[PDB]
Every structure is written in structure tokens, then in C-alpha cells.
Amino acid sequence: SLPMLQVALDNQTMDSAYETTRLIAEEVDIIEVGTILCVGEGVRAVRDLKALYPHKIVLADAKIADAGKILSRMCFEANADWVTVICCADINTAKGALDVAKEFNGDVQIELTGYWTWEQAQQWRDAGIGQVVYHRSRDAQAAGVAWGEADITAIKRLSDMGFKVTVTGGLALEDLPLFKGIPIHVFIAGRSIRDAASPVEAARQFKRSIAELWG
């Protein structure tokens, strides 16, 4: 099943985000309230986006580090479908977010933007976490860290463990072939869509490439 496309709204205000969504809401599968937007506007961003686009999956990229129940409930009460929990969070923080998520028929992803270990990954699975976001840090990318062999190995291993894997971190259209033959769940594009000359055509290019590579 083709990788889906997620747009990251890493905008500081709602109006900046809407300049993107008004173009591409019907060209992507998942609308993400990026961490930058969650911090810029708060959880109203999730509520307002879901109200605009109630037929789409809305993801609140809160990167919950602690207070799993309280922070997940705030996002779900704002009508989020999915929320993120950062990989270094205490295991009880993940479980607590998942418990709330289940009350709302939502889901939790673990955000792999840190150091983390294979034992922790097993803990996530036993806890009933079914999604991870394999994430090349924005700041690592800026310090010259490219997608490499080790990333492919790890993604495959996470998939083999039974996670649906999302891939993200400065993805460009030309990076998609690196991942061919792996059952990627979702590719996230932020800058490569929002900042394109034509965000609509950028999203359509990602979709065509995906349909070729995984078709």
C-alpha cells in the first residue's frame, strides 16, 4: 500500500499555515500541526484545522515528553486524530498518551528525533504503540547530516518489528528513491511543499513519484 503524504505546518501563526492549507489540503493525506505551530498558537491550531478539514487526518506534533495523559487529552479534546510522543519520554508517558488516544479513537506515534535504543523500541511495541516517525533532525540536516545506509537499516528493522514507519526531515523529491522497496507508511514534507513556487505542483510531484516507486 502506497506511502501516504503528510504536510507539516511548521508555521508560527495560523494565517501563515492557511496560506499553505488553502492550496494543498486536498492534495495531501495528513495535515500536521507542526511543533512550531503548536508552540506559536497553542492547541487552538488543532481545533481550527480540524474544523476546516474534518474529513482529513489531523496530527498534533506535540512531541510529548512527560505528562502524557494531560497533554494528549488537551490535543484530543481539540479534535486531533494522532499525537506524537518523543522517544526519550518515560514509558509511562507513552502508555498514558495511548490510553487517552484510545478513548478518542485516535493514535500515538513515537517521534524518533533523539538518541534511542532497540530495547526502548521493544518497550513501545509491548505497550501497543504501532507507529514511529523516523526523523532526521532539522538541525542535524543543517550541520550536513545526509540520509544514509544506517537510516535504511534502522527503518527496515523498525518496520520488521511491526511499526508503521513515517519518514521525515528535509525530504526532497529526489530522496524518495532511497526508500524504494520498504513499506513506508507516510512521507512528511514541510519546506519542500510550503516553500515551493507552486505548493500544489510540489505535492502532486511527490504523489506521482510515490505512485511510480511503490506502484
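Heads up: residue numbers just count along the shown sequence, starting at 1.
**Q** Got a sec? Mean C-alpha B-factor, which is higher, 145-153 or 186-194?
**A** Taking the mean B-factor of the alpha carbons in each, 145-153 is higher.
**Q** Return whichever of 116-124 and 89-97 has the greater mean Cα B factor according to the PDB record.
**A** Mean CA B-factor is higher for 116-124.
**Q** Could you say which of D160, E41, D29, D48 has its CA atom at the highest B factor, as listed in the PDB entry?
**A** Largest recorded C-alpha B-factor: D160.
**Q** Per the entry's values, where does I129 land by CA temperature factor relative to the rest of its chain, in the lowest, middle or highest third?
**A** Its C-alpha B-factor belongs to the highest third of this chain's values.
**Q** Could you look up the Cα B-factor of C75 in the entry and say which third of the chain it sits in: lowest, middle or highest?
**A** CA B-factor rank for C75: lowest third.
**Q** Taking the C-alpha B-factors as the PDB entry records them, is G181 in the lowest, middle or highest third of its chain?
**A** As the PDB entry reports it, the C-alpha B-factor of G181 lands in the highest third of its chain.
**Q** Sorting the chain's modelled residues by C-alpha B-factor, tell me whether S137 ends up in the lowest, middle or highest third.
**A** Highest third, going by the recorded CA B-factors of the chain.
**Q** Looking at the temperature factor on the CA atom of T84, which third of the chain's modelled residues does it land in?
**A** Answer is lowest: the recorded C-alpha B-factor places it there.
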